[PDB]
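The basis for the numbers below is simple: all heavy atoms, side chains too, and nothing from hydrogens, waters or symmetry mates. Throughout, protein chains are lettered first and strands after them, A, B, ... in sequence-line order, and every chain is numbered starting at 1.
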2 protein chains.
Amino acid sequence: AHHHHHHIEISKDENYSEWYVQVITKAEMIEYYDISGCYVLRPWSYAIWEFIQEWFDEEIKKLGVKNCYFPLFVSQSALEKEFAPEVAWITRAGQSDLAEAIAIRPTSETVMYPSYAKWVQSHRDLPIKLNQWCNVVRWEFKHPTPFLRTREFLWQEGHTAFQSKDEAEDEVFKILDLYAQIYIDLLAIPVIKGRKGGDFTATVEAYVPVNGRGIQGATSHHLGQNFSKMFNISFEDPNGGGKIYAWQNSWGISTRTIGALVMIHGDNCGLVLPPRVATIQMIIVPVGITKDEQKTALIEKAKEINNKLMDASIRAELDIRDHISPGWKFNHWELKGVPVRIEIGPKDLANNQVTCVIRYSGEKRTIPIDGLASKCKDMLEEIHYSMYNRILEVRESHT
Amino acid sequence: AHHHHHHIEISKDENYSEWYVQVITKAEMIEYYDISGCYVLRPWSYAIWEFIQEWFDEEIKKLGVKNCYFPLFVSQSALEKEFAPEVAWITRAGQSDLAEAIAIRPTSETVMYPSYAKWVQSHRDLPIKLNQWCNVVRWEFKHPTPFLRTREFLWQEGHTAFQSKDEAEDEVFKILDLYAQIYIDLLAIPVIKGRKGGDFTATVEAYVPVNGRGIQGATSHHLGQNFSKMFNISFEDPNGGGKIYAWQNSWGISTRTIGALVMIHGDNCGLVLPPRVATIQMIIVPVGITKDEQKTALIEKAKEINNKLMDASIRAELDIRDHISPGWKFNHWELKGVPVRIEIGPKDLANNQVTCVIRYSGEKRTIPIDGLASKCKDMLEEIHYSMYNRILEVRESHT
Ligand SMILES: Nc1ncnc2c1ncn2[C@@H]1O[C@H](COP(=O)(O)OP(=O)(O)NP(=O)(O)O)[C@@H](O)[C@H]1O
Ligand SMILES: Nc1ncnc2c1ncn2[C@@H]1O[C@H](COP(=O)(O)OP(=O)(O)NP(=O)(O)O)[C@@H](O)[C@H]1O
Ligand SMILES: O=C(C[C@H]1NCCC[C@@H]1O)Cn1cnc2cc(Br)c(Cl)cc2c1=O
Ligand SMILES: O=C(C[C@H]1NCCC[C@@H]1O)Cn1cnc2cc(Br)c(Cl)cc2c1=O
Ligand SMILES: [Mg+2]
Ligand SMILES: [Mg+2]
Ligand SMILES: [Mg+2]
Ligand SMILES: [Mg+2]
């Protein structure tokens, strides 16, 4: 099976739910697990989350947010301050039954806010801006789907507290725009910003052409003073007003991002990676291979190109495995969605050129080796915006 | 309490266990949590883990290791292939009792290796080199201690599989040396490499001067073929030998690293941060402050210095809060272990110099502003090696 060619066995436009399973399995993104609704994130899909993590982590740090880590556990009575058929319960640990069951966090408000109440002694302690990258568990009763609705998933959740409503409201929309940027500028997915235990909730919605539905892609909550009154997160007003309750937001985005990417950009040849989150942006494949002197000169030139592409900060890799055919390589990296295949054979070598095959469109482009690296940087940008505009044109048609 | 001065209330050499609690609380490293043996990682301590994570993640990627994410859950019968009084058990989820309890992973061998068995169809599928940054849970029956022995902790665990014993054994010792480098070159802690369900186990041991004990700082396992026979991770030998079982290692380091740092470098003034894992390496504090024209010229020069230190890639920050005294600032950043305080007042300003106060030793150094940034880069190196050599001299004395 591994060293054999592979086909997406059903068309996206015929049965998208079965097509979806084909793509995520044949592109080596997940493994099914014997605990239902949990899925292994294989490196090919986990790398996409790492790119999102690295980007968003840099952006919120510019806003003053610091990372932390709160516990996985919340006691039953602490959870039930302020859904119940979605909680996993620990009732035994070590050698003893617990007198009170412990919940796995489905979200961390009731884990974090007793500490926020302790940390806020005066307005000088505000703002508090904390984020954590972590796993949460929701025993989802709707049917689980890899990435889109899983019972364990990875996310970040940010939890912020301010001395005034206006600071908090301003951050809600900055965060919301950062979430839109993840979809638009990292995943090439157009989104709409909209207002859905808080004062107001805003999401980014990603339209899915094949079924006409919208993916709730991330959530930004303005909690007002609802949680700060619940947990007594308060300070003395400097201007005589007495006890003032902190103004709070929380916000989160998950590995559902990766399911949106599959649903929207996947096609009948398999995954199509948005270039900015592709762990391999360009795969270099030797083609048309006799002569010992020729095979060396050709592989040596491929190594040169590979180094020149990485010098230009392109994530290029070379596939010079000889126990497997070029045609198998084409198919493997197509199924996995590598944005560009660079083919180099004897004919192209003699013309000091390569042949680039663009995955999302199938276009073949012959390019001189001279200014190649710069031409490839441009091409990866071209692909990103073309992927985006193609979905945007589909959405602005149905709407 | 927050805007007041604070003292470590008991000496390290008098009661190190109570001294330890003083330091980790007053340096804002942790919060105690109402589930026993779990502790909040506040930003000041979580940033240390982030530095270790970023460094080690870069090193194992050079060895070909890829990141992934396997589930939190392992079914009872899968765990009990191959300690029991240390497992947290889920017995109810959503609306139903489970027919079989689910364990929180205490480690991920039994979560991962059924997938390894599926992925290894031939020797061409090897090596497999996977790592995950994640949380695990052990209901530790010995008494829990922040960082050193917690019931939830963060770690990485790497799990590798090779076609030959020699490849696997070579990686065991490369990983072990990377763990030694974390202690030696990031935390300024000398370690000894030693050989403790595997074929052999190697650890790095950090000597703790105040009580004479050794911290098991990380673990590198050579599993041989024990787990690959258990899980049938095997391939056909190309040379006629028949079924061959993969040769496996696993290896892990946790947030226990941070407890070693506190135990070994902490002193009676509080935390002392090894410079290479200090989120603030240098804190700039205006001292000796009347004149509106003078206060601006002094804060403006401090901002200049701060920018020049960051241009040199030094993690400098400026503390120009005016609602709190310089003496409070000295004490706050000492308790938190900032490697160097840079004091600038009117007298130094007129001599175009600053006064640096080195935290681990108390030494005060007057330095011209001219070549300051380069002098500070050197100083942070000097501090790292001096911290290391001071502990090494203590260990080579007791031994
Ligand atoms: N089970 C899940 N699996 C994966 N991602 C999820 C899951 N539930 C929520 N998310 C994502 O996490 C984000 C923040 O969480 P949250 O606001 O609590 O979601 P939610 O209101 O429960 N959404 P939903 O269940 O789809 O109606 C959401 O915007 C989703 O994109
Ligand atoms: N409860 C814990 N809290 C924090 N770190 C831990 C804990 N248990 C183990 N570690 C660390 O994780 C590393 C890898 O885990 P592992 O090899 O399974 O530890 P171990 O054999 O159970 N050690 P120990 O319990 O101290 O005898 C160890 O080398 C420790 O440094
Ligand atoms: O999880 C939330 C609110 C916000 N938390 C921080 C990240 C962004 C997120 O939108 C809403 N929510 C969603 N699902 C839940 C499921 C359960 Br089970 C519980 Cl107890 C609670 C909740 C619950 O509070
Ligand atoms: O966890 C290990 C072996 C290795 N796993 C990968 C990271 C490095 C680590 O040394 C040993 N170990 C330690 N403690 C355990 C506690 C329980 Br509970 C269980 Cl079931 C199993 C174990 C168990 O297997
Ligand atoms: Mg208060
Ligand atoms: Mg939900
Ligand atoms: Mg096999
Ligand atoms: Mg143990």
Enquirer: So which part of A:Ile324 gets closer than 4.5 Å to some heavy atom of chain B, the side chain, the backbone, both or neither?
Expert: neither
Enquirer: Looking only at heavy atoms, which two atoms of A:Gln121 and B:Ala1 are closest? And how far apart?
Expert: OE1-N, 3.8 Å
Enquirer: If you count heavy-atom pairs under 4.5 Å with chain B, which of A:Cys134, A:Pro71, A:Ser122, A:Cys38 comes out on top?
Expert: A:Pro71
Enquirer: Heavy atoms only, distances under 4.5 angstrom: which of A:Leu98, A:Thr279, A:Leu154 has the most pairs with chain B? Name it, please.
Expert: A:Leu154
Enquirer: In Å, rounded to the nearest 0.5 Å, how long is the span from OG1 of A:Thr91 to CD1 of B:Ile90?
Expert: 9.5 Å
Enquirer: Please flag which part of B:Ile35 lies under 4.5 Å from any non-hydrogen atom of chain A: side chain, backbone, both or neither.
Expert: side chain
Enquirer: Any donor-acceptor pair under 3.5 Å linking the side-chain atoms of B:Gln95 with those of A:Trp139?
Expert: no
Enquirer: Select, from A:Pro43, A:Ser45, A:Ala88, the one with the greatest count of heavy-atom pairs under 4.5 Å involving chain B.
Expert: A:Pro43
Enquirer: Using atom types as modelled and distance alone, determine if a side-chain donor or acceptor of A:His2 lies under 3.5 Å from a backbone N or O of B:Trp119.
Expert: yes
Enquirer: Pairing donors with acceptors under 3.5 angstrom, does anything connect the side chains of B:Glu50 and A:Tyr69?
Expert: no
Enquirer: Flag the one option from B:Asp125, B:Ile104, B:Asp34, B:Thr150 with the top tally of heavy-atom pairs under 4.5 Å to chain A.
Expert: B:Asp125
Enquirer: Please confirm whether the backbone N or O of A:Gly94 pairs with a side-chain atom of B:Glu86, one donor and one acceptor, at under 3.5 Å?
Expert: no
Enquirer: Do other residues, nucleotides or ligands put more than 12 heavy atoms under 6.0 Å from A:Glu100 CD?
Expert: yes
Enquirer: Does B:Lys61, at its NZ atom, have more than 12 non-hydrogen atoms belonging to other residues, nucleotides or ligands within less than 6.0 Å?
Expert: yes
Enquirer: Is it the case that over 12 heavy atoms from other parts of the model lie below 6.0 angstrom from the NZ atom of A:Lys26?
Expert: yes
Enquirer: Need one label for A:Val137: side chain, backbone, both or neither, based on atoms under 4.5 Å from any heavy atom in chain B.
Expert: side chain
Enquirer: What part of A:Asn67 gets within 4.5 angstrom of chain B, counting heavy atoms only: side chain, backbone, both, or neither?
Expert: both
Enquirer: Would you mind telling me which of A:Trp44, A:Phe73, A:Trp49, A:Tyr39 has the largest number of heavy-atom pairs within less than 4.5 Å of chain B?
Expert: A:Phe73
Enquirer: I need the B:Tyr32 OH to A:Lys118 NZ distance, nearest 0.5 Å.
Expert: 10.0 Å
Enquirer: Compare every heavy atom of A:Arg105 with every heavy atom of B:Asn135, then report the nearest pair and how far apart it is.
Expert: ND2-NH2, 4.1 Å
Enquirer: Of all heavy-atom pairs between B:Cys68 and A:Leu41, which one has the smallest distance, and what is that distance?
Expert: CB-O, 3.3 Å
Enquirer: Is it the backbone or the side chain of B:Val40 that comes under 4.5 Å from a heavy atom of chain A, or both, or neither?
Expert: both
Enquirer: Any idea which heavy atoms bring A:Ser115 and B:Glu31 closest together, and the distance?
Expert: OG-CG, 3.7 Å
Enquirer: Has the side chain of A:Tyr33 got a donor or acceptor atom that lies under 3.5 Å from a matching backbone atom of B:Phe70?
Expert: no
Enquirer: Atom NE2 in B:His323, atom CZ in A:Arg124: separation rounded to 0.5 Å?
Expert: 5.0 Å
